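This report refers to the structure that appears directly beneath it.
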Amino acid sequence: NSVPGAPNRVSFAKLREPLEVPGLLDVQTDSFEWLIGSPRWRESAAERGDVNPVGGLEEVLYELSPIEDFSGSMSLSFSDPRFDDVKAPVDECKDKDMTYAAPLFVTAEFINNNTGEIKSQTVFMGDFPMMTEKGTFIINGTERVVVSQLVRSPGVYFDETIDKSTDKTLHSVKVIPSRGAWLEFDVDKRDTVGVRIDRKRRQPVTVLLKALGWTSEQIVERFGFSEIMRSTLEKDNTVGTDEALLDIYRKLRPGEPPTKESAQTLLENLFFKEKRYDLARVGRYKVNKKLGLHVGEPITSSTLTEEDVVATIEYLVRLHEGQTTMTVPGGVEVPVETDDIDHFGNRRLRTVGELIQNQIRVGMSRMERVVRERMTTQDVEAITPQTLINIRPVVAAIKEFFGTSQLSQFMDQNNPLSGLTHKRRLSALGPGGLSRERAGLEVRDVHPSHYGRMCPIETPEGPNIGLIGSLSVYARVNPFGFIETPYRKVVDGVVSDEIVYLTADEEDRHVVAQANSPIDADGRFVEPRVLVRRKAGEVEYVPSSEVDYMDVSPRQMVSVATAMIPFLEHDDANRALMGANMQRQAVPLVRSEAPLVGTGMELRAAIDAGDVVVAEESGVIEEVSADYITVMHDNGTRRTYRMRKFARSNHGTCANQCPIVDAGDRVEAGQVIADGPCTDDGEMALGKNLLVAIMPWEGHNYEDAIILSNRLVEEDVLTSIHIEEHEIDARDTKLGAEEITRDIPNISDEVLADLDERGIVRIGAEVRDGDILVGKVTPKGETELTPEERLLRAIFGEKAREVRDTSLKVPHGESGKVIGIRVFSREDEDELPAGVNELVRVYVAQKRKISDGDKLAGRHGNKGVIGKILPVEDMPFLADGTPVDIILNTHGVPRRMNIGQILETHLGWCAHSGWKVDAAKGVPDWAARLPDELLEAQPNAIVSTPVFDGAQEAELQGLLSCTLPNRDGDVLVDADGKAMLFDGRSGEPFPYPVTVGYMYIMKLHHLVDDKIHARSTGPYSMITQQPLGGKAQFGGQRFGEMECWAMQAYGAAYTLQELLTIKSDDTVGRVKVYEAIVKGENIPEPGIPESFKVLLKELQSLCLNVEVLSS
Amino acid sequence: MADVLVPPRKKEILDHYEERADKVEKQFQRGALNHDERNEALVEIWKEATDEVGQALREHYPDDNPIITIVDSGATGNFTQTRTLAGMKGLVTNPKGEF
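Residue numbers (the deposited numbering), protein chains in the order written: chain C, 30 to 1140; chain D, 733 to 831.
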C-alpha cells in the first residue's frame, strides 16, 4: 500500500497503523549527510533543531580553529569545509578497485600577530570516502558498511551499593566525560564523603569546596539541610581555599612543588581549561537534563561549569538523605534517582557520522601537532598554510578506519535483507566499548527500555548474544545520539494522530499504553482498566485517564528481519531468534517466488534495501531490454536505468536485475521498476512455496532431517547460482619476469586447449578441478637435474625450459563455466600494486542444485538438512495425484514451541485453494471482524498477516473449513486441516489423515560443496611440520586434546601413536609410510615426533640440559 | 491446530485466581503489607493457577491425541511444554532471576 506498483496483497490487520514505516536507511544516510553538511540535513535542521548548523567536519574545524603557537604570535584557522564531485561513478570504482571518494577543500588562514597579515588559501585536505545511495562505502573496491555502535553516554551516573559489613546504603557519582578525566564523590563506610579526584586516594569534600570558592560558612549556607555534609564539615580536618588547593596540588601531583599559581591553573587545566577536558554536546545535554540547570539555553559550552560541581555534591548528599526532588537555584527542579548502564538513557548510538568525526579528530590533532612544530622551526615572513599543513595524518587516519577496523565490515549480502540488516545493526563490541571477554553479563539482557528502540529477538546465536542487535522498525536516532521512538499522544482520554518522539528518559517519566486497545473511533478508549507500562518496566491496569502516550502500532518492538515472520506471536523466542538469524542466509534462486503468506514488510524491505531499481520520476517506458530501461520522464527528459546482470556479490552469489515493465506501461515516481536478486514484483522473496506434509516417513526425516521430491531438483525450483572469483598476479621476481603465456613447461596441448593465447581461458569453457584457468610461467634458473631425470629427458627428447610453471588452477571442487575474465595490466596504466605487471581475475560460476546435506529452513527456525531426495513416485500423494514436495517431521514441532509453521501451513493451503466465506446467511461470526474483500479469495491469491495483529486462530479454522474445490468436486483438506494421503511406495492409504499445506521455505547458504573436504597428503606448515589448516588449503581436522582423551579411554594406544607421530609430524616417517603403502608393506613403526625435538632444542637453548637416558 | 485442544474450563479458573490476585493487590494498596510480601503472594497464587490449568488440560485430552501420545510414550518432551502450547505459559523470570 502507498507504493504505485504494489502487489495487491490483502492484509488481516484488524488495527490501522497511523505512521508509515520510516526511511529504513536513515540511520546511515542522515548521519553521513550530517557529517558532511548537505543541504538535506540543513533543511532537516531548519525543521527540527534550527538553532545552528553543526557540520561534523565543521565542528572539528571550529574546535580546532585556531592553531596558536605557545608564544601566541601566529595563528592558523582551517575553516569552511567544502566537497568536490566524486572522482568516479560507483560501478567504475567497484570494477577498477578504486575507493569511491571525493576531495576535501578547506579555506586555511594563517595570521601573524605582531606584524599583521592573513594568509588565506584553499588547501587540498584529502580524498574523503563517500556514502553511496544504498548507505554503503565502496572502500578499496569492496562494499564496506560502518556498523553503528552503542556506548555509555557521557554524563553523571549517581549509583549506590550496599555494604554487608555495615548494612548501609553507599551512594556515589561518576561524571565520565569525553576527552576529560574521571571524578568520584562517594559516601564511605563512615558518615563522611570521599571525593576521589583522578583515581588517587580519595578526598574530603571541604578541600575542594574551599578550593571551589566555598567557605565553611557558605558550605553550611547551601548544605545546611545536608546533615551528612554538615557532619563532613565538622570532619573537614582542613579549612582555607589556598591551603586546600595547595594540598590538592601536593597530593594529586605527588611531590610537585605546591606553588599557588601552578595549583590554581591546574584546577582549571584539568576541569575548566577546555583543552584538556571536553564533555561533548551529548554529555552536556545529558547533564543539563539531569540537574535541570538549563532548558532553552543552546547546547554549547562543552566544558565543565563549577556551578554544576556544587549541584552534583548537593544532589548526592540529598540522595543519601533520601529526598524525592531537588531545586537548584537558577534552574527548574529535578527528581532524585540513580542511573543504570543499560537503560537507553545512558547508552547512546555513536552512529557512522560520529565515528568518522572522532577518527577525523584523531587525524586533525596529529596534523595540528606537526603544523605547530614546523611553524616554530620555520622562518617568519616566508611561510604559508601550504607549507604548514601536512595532510598525511588525516589520510592515514581515514584509511586505517575504513580499512583495518573492527567497525567497518564487509556488507554481508547473501540476500537483500542481509544487506539492509547488516546496516541498522547495533554492535556493542567496538573500539571504545567492550570485548567479548570484558562483557558484563548484565549488558546482554533486554532491559525494559529496549521496547521500541532495539529488537529483543534478533541477535546472532553464537558467542555474541546480546552484544549485537538491530534497530527497531520505527526507531529514530536523536541528533545527540539517543534512540528516540514514536508514540501517540493521548490527551483527555482522546488518542490523536500527532506522532511524538520520546527518548528512554521521557519513556520513564510518562506512561505508555498499547496499540491493540479498544479505541472507539474518536480517540476515546472504551474500558477504563487499560494495560500500560510504568517507569521500572512494571505492567499495570491504569484507569483510562492517566494515560498520556500510546504506542504507534504493534510490531514496534521488533526489528526489520523479524517483522517478516508471519505468525510470530505464536513462536517461542528461541526459535523466532533462529528464524530471524536464518532469514538473512537465504541464497538468490533463479526464479524467486514471492511468499504466499507474509507480513507487510516484504515490499518496504525491498524498495528500501536498494536491490530494486526504482522509477525516480514518473514517465512511460520506451525500450525495456534485459540490460537497460529507457524511461521518458514526462517533461522532455529521458533516462536509461542500467542493470547488473550476473554480478558477483560479496559472498559469491548472483545479483541479477531483470525488468518487470513492458514497452507501453506508465510508471509513477517511487515505483518498483525492476526486481533484484530476491524479489518478485517488489516483495522480498527469499525462497519458494513448497507443498509440505508433517508425517514422519520411513526414518529419513528423523531428528530435523527433511526429505524432498525430485521435482524440486528437476524443475529447478531450488537452485542457486554461485559466482566464484579466482585471481593470479604476474608479480616481478629477482630471477626474471613471470609471463602469463600459453606455453607451459610440461603442460601438453591437450590441457592447453582451453587457454586462448594470452593465457586466459575462453569465456564459456567448462573448467573442472585441475584446469589451467590462467597460464603463468615463472623463471627458475639453472638447477641440477638428477641423472635419472636427465636420462629420461634425453631419451624422450624433452629439454628443460628452466622457466618453471605456476599457473592458476581452479580449486578442488569449483567447476563451472567462465562467466567473464578481467585482465589488469601495467601497460594499460592500470594502477596495480608495485611489483605486479599483470593481475587477471577469472569469474567461474556454477548453477548449484539442491543436494543431500544442503540446509533448508522455514521462516520459524525449523532448520534441517536434506536427508534424501526421493523420486517423485515414492512420495505421499493426495487423492488428486499431486505429490507432496517436502515432508517435515512431527516430533520437532511440539517440543520446540514453534507452531507458527503449523498455522502458516494451514493458512498457506487456504491461500492456495482460495476460500469463499459462506456469508449467504450473513457473514459468520468467524469472519465478523475480518476485513472486506476477504469474504472470498482466488486460488494462488496472496495474503498477509501483520506480526502482532495477524490471523486469530478462529479465523484460520473457519478459512480452512471454507476452501473451494480444485477442479472436480473434491475438498481435499477437510475442516481439521488434514488430508488422506496415499503411500506412493507401497500403495495403501495411510490409516490416519495427515496435515498438508503450502509452507514457504528457503535455501540456506550452508551447501555441502562448501563443506566437504578430504586430505591424504598436502601442504605443510612452516615452523612446526604439522599439516596445514582450512579448506582454502587442504589441511586436516584438528585431532584435539579431547579426542586424545577419548582414545586414551578406549585404550587405543597404537592409533594414538599413529595420529600423533606418522600422520602429523614424524618428518622422515611420513614419506616412509607413503612408500610402504604404495609398495604394499606393513606400515612402518612410528618415530619421535617433531614437537619433542623442537622442545628439546629450546630447553637446550634456555640453558636447561634436558637429556634422555634409558638407564 | 485442531489437534491442540484448549481447556474449556480455563476462563473460570483464570477468573477465580484473578479475584485472588485483585484482593492481594488491594491489601497491598491499603498498606496492610509491604512491597515484597505482595509479590510473594501473587507468585504463589499464579503458581496455583498454573497447577490447576495444567491439571484441567491433562484430564481434558484423550489418549490418542498425538501431542500427548508423544509425551506419555517417553519419546520426547515433558508435560510442561504441552501446558505452554495450550493453556497458560505461567510465571516468567526476571533478568535478575526473580519472577
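Idealized CB from N, CA, C, for every residue including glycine.
Close CB contacts of C/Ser-525 within its chain, under the 8 angstroms cut and outside five residues either way in sequence, are with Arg-517, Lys-518, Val-519 and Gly-552 (chain order). The DSSP-derived three-state label of C/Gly-382 is helix. DSSP links D/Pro-827 through a beta bridge to no other residue. Per DSSP, reduced to three states, the secondary structure at C/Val-540 is coil, with no helix or strand assignment. Just measuring C-alpha positions, the residue of C/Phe-107, C/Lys-452, C/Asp-188 and C/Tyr-1079 sitting nearest C/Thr-151 is C/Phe-107.
Not flagged as an interface residue toward chain C: D/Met-820, since no C-beta distance is shorter than 8 angstroms. With respect to C/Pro-1118, C/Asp-1094 sits close: the two C-beta atoms are nearer than 8 angstroms. Contacts between D/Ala-773 and chain C, judged by CB atoms closer than 8 angstroms, are missing: the closest CB pair is about 17 angstroms apart.
Residue-level contact check: D/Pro-794 does not touch chain C, since none of the beta carbons of chain C fall below 8 angstroms from its beta carbon. Closest in alpha carbon position to C/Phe-373, among C/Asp-601, C/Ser-942, C/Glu-513 and C/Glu-350, is C/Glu-513.
Note on C/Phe-99: under 16 other CB atoms within 10 angstroms of its CB, so exposed under the neighbour-count rule.
A distance below 7 angstroms between beta-carbons, with the five flanking residues on each side excluded, links C/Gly-1098 to the following residues of its chain, in chain order: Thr-1090, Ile-1091, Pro-1113, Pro-1115 and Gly-1116. Counting other Cβ atoms within 10 Å of its Cβ, C/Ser-447 reaches 16 or more and is therefore classed as buried. C/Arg-228 has its alpha-carbon roughly 51 angstroms from the corresponding atom of C/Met-926. Nearest to C/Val-32 by C-alpha distance, out of C/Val-832, C/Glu-795 and C/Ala-634, is C/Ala-634.
Burial check for D/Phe-811: the Cβ neighbour count within 10 Å stays below 16, so the residue is exposed. Contact between C/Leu-747 and C/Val-913 does not hold, since the beta-carbon distance rounds to 15 angstroms and is not under 8 angstroms. For C/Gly-155, the enclosing beta strand (DSSP E) covers residues 152 to 158. Per DSSP, C/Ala-42 is not a residue of any alpha helix (DSSP H), being assigned neither H nor E.
Taking C/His-1035 as the centre and dropping the five residues before and after it, the same chain places the C-beta of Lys-884 closer than 6 angstroms to its C-beta, in chain order.
Taking a Cβ-Cβ cut-off of 8 angstroms, C/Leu-625 has no neighbours in chain D, whose nearest Cβ is about 18 angstroms from it.
Spatial neighbours of C/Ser-1120 in its own chain (CB-CB distance under 7 angstroms, excluding positions within 5 residues in sequence) are listed in chain order as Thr-1053 and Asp-1094. When C-alpha distances from C/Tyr-1021 are compared across C/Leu-1033, C/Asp-1003 and C/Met-1031, the shortest belongs to C/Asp-1003. Between C/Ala-734 and C/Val-894, the gap from beta carbon to beta carbon is short of 8 angstroms.
Of all residues in the stretch 277 to 291 of chain C, none comes within less than 7 angstroms of chain D when Cβ atoms are compared. The residue from C/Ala-137, C/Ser-1045 and C/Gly-164 with its alpha-carbon nearest to that of C/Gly-52 is C/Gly-164. For C/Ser-108, the enclosing beta strand (DSSP E) covers residues 108 to 112.
The residue from C/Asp-881, C/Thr-919 and C/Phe-977 with its alpha-carbon nearest to that of D/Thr-808 is C/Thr-919. Taking the Cβ atoms as the reference, C/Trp-726 lies roughly 17 angstroms from C/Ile-1030, outside the contact range of under 8 angstroms.
In the three-state DSSP reduction, C/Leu-820 falls in the helix class (H, G or I). Considered as a whole, the stretch 44 to 131 of chain C harbours 103 to 105 and 108 to 112 as its complete beta strand (DSSP E) runs of no fewer than 3 residues, in chain order. Identification of chain D residues near C/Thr-919 by a Cβ-Cβ cut-off of 8 angstroms yields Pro-798 and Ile-802, ordered along the chain. Contacts with chain D (Cβ-Cβ distance below 9 angstroms) from the stretch 972 to 991 of chain C involve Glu-982, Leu-985, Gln-986 and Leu-989, listed in chain order. When secondary structure is reduced to three states using DSSP, C/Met-661 falls in the strand class. Contacts between C/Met-926 and chain D, judged by CB atoms closer than 9 angstroms, involve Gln-813, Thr-816 and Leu-817 in chain order. Contact between C/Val-626 and C/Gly-887 does not hold, since their C-beta atoms are separated by about 11 angstroms, which reaches or exceeds 8 angstroms.
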